[PDB]
Amino acid sequence: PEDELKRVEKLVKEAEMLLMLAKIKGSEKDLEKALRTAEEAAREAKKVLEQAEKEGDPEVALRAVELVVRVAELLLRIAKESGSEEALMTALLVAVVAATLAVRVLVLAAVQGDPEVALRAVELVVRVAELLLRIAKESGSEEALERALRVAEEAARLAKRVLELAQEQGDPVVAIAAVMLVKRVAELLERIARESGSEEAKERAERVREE
Amino acid sequence: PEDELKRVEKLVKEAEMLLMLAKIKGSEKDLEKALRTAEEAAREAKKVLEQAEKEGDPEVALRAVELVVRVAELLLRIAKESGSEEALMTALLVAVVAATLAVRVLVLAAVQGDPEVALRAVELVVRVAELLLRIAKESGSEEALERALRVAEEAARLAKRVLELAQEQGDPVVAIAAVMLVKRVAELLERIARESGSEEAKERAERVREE
Amino acid sequence: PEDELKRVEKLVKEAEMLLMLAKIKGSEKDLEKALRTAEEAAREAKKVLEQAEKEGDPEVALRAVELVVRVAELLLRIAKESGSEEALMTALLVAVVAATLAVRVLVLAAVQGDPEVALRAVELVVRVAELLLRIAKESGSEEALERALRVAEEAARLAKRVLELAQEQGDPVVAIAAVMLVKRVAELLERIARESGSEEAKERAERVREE
Amino acid sequence: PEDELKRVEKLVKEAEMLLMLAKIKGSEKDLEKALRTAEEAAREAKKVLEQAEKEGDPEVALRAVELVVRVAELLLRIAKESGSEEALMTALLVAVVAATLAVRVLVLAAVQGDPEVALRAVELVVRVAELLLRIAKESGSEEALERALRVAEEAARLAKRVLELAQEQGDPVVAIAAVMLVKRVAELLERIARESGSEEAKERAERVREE
Amino acid sequence: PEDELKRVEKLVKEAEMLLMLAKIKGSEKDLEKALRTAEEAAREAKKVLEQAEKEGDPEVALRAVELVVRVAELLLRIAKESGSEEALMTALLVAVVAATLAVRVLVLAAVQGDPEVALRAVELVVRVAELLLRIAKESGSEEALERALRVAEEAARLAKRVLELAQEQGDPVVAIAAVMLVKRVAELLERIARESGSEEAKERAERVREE
Amino acid sequence: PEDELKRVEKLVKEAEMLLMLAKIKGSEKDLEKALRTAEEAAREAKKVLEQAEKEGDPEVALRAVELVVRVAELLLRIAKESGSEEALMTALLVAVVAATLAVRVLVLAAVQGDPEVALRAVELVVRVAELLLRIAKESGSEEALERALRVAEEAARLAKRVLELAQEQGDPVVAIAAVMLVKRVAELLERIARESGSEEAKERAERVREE
Amino acid sequence: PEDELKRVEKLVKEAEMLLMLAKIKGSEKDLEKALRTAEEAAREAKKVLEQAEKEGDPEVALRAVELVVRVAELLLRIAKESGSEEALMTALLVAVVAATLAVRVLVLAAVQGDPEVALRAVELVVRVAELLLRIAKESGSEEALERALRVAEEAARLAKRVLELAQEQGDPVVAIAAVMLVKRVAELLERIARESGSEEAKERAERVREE
Amino acid sequence: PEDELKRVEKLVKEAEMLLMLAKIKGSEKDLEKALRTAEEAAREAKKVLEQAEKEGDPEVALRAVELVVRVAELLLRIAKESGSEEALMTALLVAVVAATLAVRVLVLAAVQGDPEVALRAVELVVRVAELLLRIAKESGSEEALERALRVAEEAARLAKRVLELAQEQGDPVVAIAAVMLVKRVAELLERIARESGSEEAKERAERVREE
Amino acid sequence: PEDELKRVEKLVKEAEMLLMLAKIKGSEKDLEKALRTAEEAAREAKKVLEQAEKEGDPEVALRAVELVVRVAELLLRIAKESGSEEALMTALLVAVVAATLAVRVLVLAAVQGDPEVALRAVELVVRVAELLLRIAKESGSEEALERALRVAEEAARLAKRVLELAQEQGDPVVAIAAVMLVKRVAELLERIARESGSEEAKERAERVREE
């Protein structure tokens, strides 16, 4: 049931409500249950995926996982208002998850032959990459920075795999978009390469800008 | 349904009718059921809010809460004719409620992006402040006096939060009105500061007149 | 609908017709159904008020109640031709009713802000007073005499309440008339004081002639 | 449903029709089924009360019971045309019933606070009294005569109880009527006292004329 | 609906048309369907009564029954042209019916208090009597002759019952007419007494000429 | 099921009906079964609590217990009409029960975090106190008087415990009301202190007026 | 319906009537309801626009908005007679509104291709500018002064946009008028530049006098 | 329902409104939601086609797809004002889509035998070709240039297929127009051949100018 | 359900759509799934027959089988565009099937007595014959040629059996048509006899032209 997705979505709104009230009247308990509501919202989000795998709906799978991204993003924000290393780590944990989950939404889209959803699954990986990057900035964690760049390249990589089941089904437009996707990853890696000395970003960009 | 609001409104009129007859023929039972009709009117008023939260109508929420203010105000008056400490305390209880309820109407207006309704929600807080002040005078309660001034400043405070989602939506006029709102609070606190020695009103006015 | 008022009015005319024929050909059955037609006319008259309360028409309310007075007055007359203690008591019952009903028409006129109709509602109380006085003479009932004088003073009293919502709406003429009303009550009570030894009328007149 | 009352009423009309035809063409079978139709009409009448108790309608209760009186009255008449001791006893049985049933309509009117209906319930007791008196004359039964006078006084008694919930609800007119009711009982008992030597009627009248 | 009466009436006209054509061109089939059309006309006529009983219209009842008389009269005539013992018996059957039906129209007129319609109902009985007399002459049936005289007296009898609800409603003119009605029955019975040796007519006339 | 509460409530109304009839016709058997109906009503009332404990509804718990108070109050009244020491003791027994039961409704409200219901539970204790006081006056029992004052103070005491889970949940209004509650207990104890020499009431009031 | 516009217009006249009477007899309540009538008139005015957007009538849109200007102008005047900072702020709020509303009437005129109405919409902006200037003088508000000059330049700016859809439709006359419009803005800004030291007006005039 | 088409159309107008306002006041958020409104308009446009396939309406199909072209064209324009590579790619994606969709509208027109709609479907392909050409110029993308020319020739090709079901249905005029269509493609390819060195356009024109 | 037939029919249209698109854009995969869609359409077609046997509908049976012919015919065409020996053999297999299936529709029509449907069943055999002939030409298969001629004669044969249950039910027209059917088979066999040297067609025509 996408009936659940609405549940998940409303939980998220509520978490955002608990956060928004929390900043207004300065309540550390609002912020706490906001964290917990978020956490629940994302738990259920993954229950919904897990059965959209054991069913045939990649559409449901994608909406579930992008809700999980939404939860991750909310966690990042709660972290910044709380100033909590914990909240920042849970933000990070939901982020690293969303990545491999998007990857699952993708492989489902391939098995079932739904190239437009696979594409979106790959974009989502990119979003997760961008989030990790954010988290990395907020925590100064040299590890989160590595995870980010990694996840980026791995999206650019899966883009080829999206183009590849595109060219099986004769749909050049999503396959062109699938190449446009690879170049905004090249670009992200280039934008990162410039600022923020990384002995890496340079290499990853160079070898994705080949692909 | 705003169909209910009309119910709530008519209950209130009736309560006012029972009060107005009560003063005319001097019936302590008219005054009693007037109190109880009022009380009901405000109960339902909050049922109506509670579902306007679980729905999307901040408009309904505001009309519900300002009816609750109306009920509070009626209770203050019934108190003064009865000379009841009880009626005065129930007046006070509906008043302290209306405050945090307006605050809820506000946070709903923010979540849903309705800055003109948020503004009115904040005015309402100010009205509640003014009511508390009245109640405080009638009961000589040194506590009600504190609640009043508090609630005032907290309205001036939320005014910034109204201006803040105003400047997100690019609506300077309600945001200007939102600054005009803060200065009639500064003024209320100044007007109170003068008469009625309060070691406080002075401070609150000084620090809101900064903001 | 004032469509009903015409119904009520025609019922009354018919009752008066049944009475007038009854005296002509000396029919005790004409007189009976005349009583019953009257009774109906007044029943409906009050149905019409009752909804003019639950609507916004004090105009309809007043015409309904003064029809009820008209019915009461007719009952007094039927009583005198029949020589019935019963008919005289039902005359009395519709009379004591009309009083508190006029009082309702009045409080409606106040809630809705219609000072000229309130005034007339108070006059009507006076008429009812005058009727009670009549009934009292016809039955020699020491109780009806008390009800009369009471109802009188209570009209003079409500006159202040008419003047009081007059001075809110800035209409000195009906408010002057509202003081002229109090003095013809003082006068009625004085006229009664003189003849018909009453240990009371004297007091009531003295204390209304203050007001 | 008052839908039933109309049923009960039409049954009664029909019974009266069967009676009226029966006298015209002299049919002892018309008179028989007239008795039985009557009997049914009153059965259902009490079913209708019984649920107006287990519901909240004293209005329905009163119309049901006064239909039962109507049935009783019809039975008295059928008795006189038939010359049946049986029909006269069933007349009596429905009469003695109607009494205690009116009493139930009354106590319902008290529980539910409907003083005008209680009043009518008490009048009804008086009617039943008057009926019993009739029945007593037709049967020369020294017992029916006792039941009559008894039931009379017991109505005058319940009149106080009507006045008593009148003075709780501040409705002096039905309470005055409630005293007028007691004096037509005093009167009935006086009218009976005179004719028809009864060592009793005298006492009952004396002690009710106190009350 | 009196809409039906027009139906019944037109059926009758048509039956009379089928009869009138039948005599002209000598068609035994015209005469047959004329009988059947008549029969229908009278069937519906009684359906119309039957619901005018279960409604409140004695006016409708009378027009229905006198149509039934009209049908009866038509049947008598068809009988005489056909020379049918059958048609004569069906003539007789509708005649004996119309009698007891008029009687029903009457008792309806009494229940509902419509003395002028009752009167006409009784006249109708007389007409039926006159018809029976005709039928009796045409068939030489010693039984039809008895039915006739019987029905006559029974009309004179019901005349008293018409006068009796006349004197309840104070309408001496229909009550005088109700006595004029009894004397044309006395007269009919006298006119029959003379010719046509009947050991009976004499007695019936003597005892109705008393009444 | 609150379906049961309605059962309990109707039993109570019926008990009150049996009592009200009992006073009217002076039936000691009505009064007896009124006692027993009351007793049942309160039995079931406690069954309903007992499962509202083993469920999560403090709302149901409170309505159940306040019905038990209602039953107690009815018993007090039946006692006074009967003049029974027994009925007065059973009145007392249901009263002393209701106290510790309210206390249970309270601790349920705490476990489940429902401060507004806890508050009402504490008021109820106060009502029970007031009842005990009544019972004490009617029986002159020096023991019932002690139980009363005790129960009073113990309510004032639990008020702190209500304020205490109020300040955990940040709801100052019920917590203010919770302090208003303590002062009407101080007041009750003061009102009792004055009249009715008690070497005690003085002390209890002094030490609660501290708190 | 332009049927509404007449409503709006008459409301405005009435407001002006309440104001004009208010100054004559010196009634602060006339002035109050004059403010409120004005306020309503402008509310409806915007309802009428809002549907002239969701319809195709820029003509209706312009008349609606210029009524809103009229309301704004009336508010300025009421402010000056009352001496109210509040009335002056509400004057200001309707003024700042009318500006962005005229802007909407304009963009509607563009979408629908009605260059003569767009022109008038831009003039209206200028009027609003002139009003703001007035308001600014009356309140000495350094902010209202900024809003004024701003709004002026923004009109001169939209004038180019009017000329631009003029030159698409080949209508040089409204386009010439559209350049004449820009120079009376240059002029207004110059007239303001001179008196009333503003470090700004100078710049705005210089850069619009380029355009 | 073509009721939807109007929806789609109005969405498009609104998008164009958001764009036109966006250029006027320079709002990057207007431009954003203009993009998104456009995107929606085209989503629904394809929902409408998708069911016009699963229904029998090629007329609905064509209007839906040409709305999709309209959306594509709007996207191209938004791209140029924003200077966004993203907006330009989404412009391109809706363009490449519209092509194969027109192709679907065509094959529907063939299955259902509607040669005039097929013709228009083929023109539409040509429009899409022209759009791609535009997009290609704006992005300098050597790939978009290939897609353009391709799509052109493929329209000229389907023109034969339009002529071919024309000659089945004996409609030479649309079939002549179908040959006129091929020559403006030859011409487009020739016009492109000249400017803008393409080693290709030459070949495609040569081999279509054969056909 | 003939609800299924529509399913079968739409599958066929779709197969034809996949074929028609396949020839347009030259897609060997369109042609493949067109074959498979066809194949399904015919599978279900036979499921529908199979239950129209186990039910009483020869009408359903005939529509099912002629859909199977339609599928066969489509397969022949797909074969010719693909140039597949396989597709041609599956064309042949559905053809040889349709024959013996028509034969079943026929024997059902006989058992159930529906001679007009039997006739059509026999025509269908002839169509199948004509198809086999086509297939035979396309494959040069000396075997398919034998099957064709065979199936032809066997239709002419069953024609006698159609005429034979015609003459049982007295319907000479379908029986005449049943003889007209035999002569277009004689004719088909004659037309084949001429061209395409067959040592056979001659004999079969000679011996059917006897019959």
# chains A, B, ... in the order shown; residues from 1 in each chain; ligands from 1
$ interface_residues --of "chain H" --to "chain A" --cutoff "10 Å" --atoms "only C-alpha atoms" --output "list in words"
residues 85, 86, 89, 90, 92, 93, 94, 95, 96, 97, 100 and 143 of chain H
$ write_last_selection --atoms "C-alpha atoms" --output "CSV table (one decimal), in the first residue's frame"
chain,number,residue,atom,x,y,z
H,85,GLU,CA,22.2,23.6,-18.6
H,86,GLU,CA,19.7,21.7,-16.6
H,89,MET,CA,18.6,19.3,-20.9
H,90,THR,CA,14.9,19.0,-19.5
H,92,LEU,CA,15.7,18.5,-24.7
H,93,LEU,CA,14.2,15.5,-22.8
H,94,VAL,CA,10.6,16.7,-23.3
H,95,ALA,CA,11.5,17.4,-27.0
H,96,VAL,CA,13.0,13.9,-27.7
H,97,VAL,CA,9.9,12.5,-26.0
H,100,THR,CA,8.2,9.3,-30.3
H,143,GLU,CA,24.5,15.3,-30.3
$ residues_around --residues "residue F:139" --least-positions-apart "6" --cutoff "12 Å" --atoms "only C-alpha atoms" --output "list in words"
residues 76, 79, 80, 83, 84, 85, 86, 87, 88, 89, 91, 92, 132, 133 and 145 of chain F
$ residues_around --residues "stretch 28-41 of chain F" --least-positions-apart "3" --cutoff "12 Å" --atoms "only C-alpha atoms" --output "PyMOL selection string"
chain F and resi 4-25+44-48+64-84+86-88+90-91+93-94
$ residues_around --residues "residue E:208" --least-positions-apart "5" --cutoff "9 Å" --atoms "only C-alpha atoms" --output "number ranges by chain"
E: 153, 156-157, 182-183, 185-186, 189, 203
$ write_last_selection --atoms "N, CA and C atoms" --output "CSV table (one decimal), in the first residue's frame"
chain,number,residue,atom,x,y,z
E,153,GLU,N,-88.5,0.4,4.3
E,153,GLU,CA,-88.6,0.6,5.7
E,153,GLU,C,-87.2,0.9,6.3
E,156,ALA,N,-86.5,4.5,5.8
E,156,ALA,CA,-87.3,5.3,6.8
E,156,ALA,C,-86.7,5.3,8.2
E,157,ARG,N,-86.2,4.2,8.5
E,157,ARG,CA,-85.6,3.9,9.8
E,157,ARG,C,-84.3,4.8,9.9
E,182,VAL,N,-89.2,10.4,5.3
E,182,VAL,CA,-89.9,9.3,5.9
E,182,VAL,C,-91.4,9.2,5.3
E,183,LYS,N,-92.0,10.3,4.9
E,183,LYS,CA,-93.4,10.2,4.5
E,183,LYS,C,-93.5,9.9,3.0
E,185,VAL,N,-91.7,7.6,2.0
E,185,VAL,CA,-91.5,6.1,2.2
E,185,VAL,C,-92.8,5.5,2.6
E,186,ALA,N,-93.4,6.2,3.6
E,186,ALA,CA,-94.8,5.8,4.0
E,186,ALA,C,-95.6,5.7,2.7
E,189,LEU,N,-94.8,2.9,0.3
E,189,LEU,CA,-95.3,1.7,0.9
E,189,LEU,C,-96.8,1.6,0.7
E,203,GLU,N,-98.7,-3.5,6.7
E,203,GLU,CA,-98.2,-3.4,8.0
E,203,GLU,C,-97.0,-2.4,8.0
$ residues_around --residues "residue E:105" --least-positions-apart "2" --cutoff "6 Å" --atoms "only C-alpha atoms" --output "list in words"
residues 61, 62, 102, 103, 107 and 108 of chain E
$ atom_distance --atom1 "atom CA of residue C:131" --atom2 "atom CA of residue C:101"
14.8 Å
$ atom_distance --atom1 "atom CA of residue B:56" --atom2 "atom CA of residue B:2"
13.0 Å
$ residues_around --residues "residue B:106" --least-positions-apart "3" --cutoff "6 Å" --atoms "only C-alpha atoms" --output "list in words"
residues 103, 109, 118 and 121 of chain B
